[PDB]
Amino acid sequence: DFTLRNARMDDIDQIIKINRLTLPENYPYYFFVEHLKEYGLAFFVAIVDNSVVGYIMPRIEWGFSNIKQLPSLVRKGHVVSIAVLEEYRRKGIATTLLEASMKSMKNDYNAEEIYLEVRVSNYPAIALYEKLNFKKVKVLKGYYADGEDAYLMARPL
C-alpha cells in the first residue's frame, strides 16, 4: 500500500531524482521550491517504505480560462508535473495524488478549473487524466523541445 502527505522541503532531493528518472523536462531545484512555497497545500507526495515514490506539483494561476468559450478570467489550477517511480505504478498512486491536489486547488485556493499539457504519445498519463474526467481541449503543435505535440487537457473543479 502507500500513504499520502503534503510535500516538505526535505522531500525535494527525492522529488528531483524521481523527476529526472521519469521525465525529460528537468526543472531546476528552485523551480520546485517556489511551487512548494507558494502552492504547497496542493503539492503532495506518495510514501512507500518511508521514502517518496511519487509526487504532484501544482501551480494556481489567475487568468484566461481553457474551458469557457468566451474570454473570461478565472482562478485555474495547473498540474505542472506528476510522476511515480516505475516499480510503484498501476497501484492508484497518481490517481490519489491528483485527487488530493484537485481537492486542495478547490478548497484551499478556490480554483474553478484545472489544466495540464501531456505528450500525445503518453497513453498512460492520458488514460489517467481521462479517468479523472479531464478532456482534450486542443492539440498544442510542437509544444515540447523535441517537437512532439501535446494535448492541452482540462476540466472544471
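We number the residues from 1 along the sequence you see. What we label the rigid core is the largest C-alpha set whose atoms superpose within 1.5 Å from one form to the other.
Core-fitted comparison in 4 other deposited structures of this protein shows that, between 105-113 and 66-74, the CA atoms farther from the shown form belong to 66-74. Across the two stretches, 115-123 and 87-95, the PDB entry reports the greater mean Cα temperature factor for 87-95. Remark: stretch with higher mean C-alpha B factor among 1-9 and 146-154 is 1-9. Which of 53, 42, 128, 67 has the largest Cα B-factor in the deposited entry comes down to 67.
For the set 36, 60, 100, 48, the PDB entry assigns the largest Cα B-factor to 48.
Per the deposited record, the Cα B-factor of residue 21 falls in the highest third when ranked against the other modelled residues of its chain.
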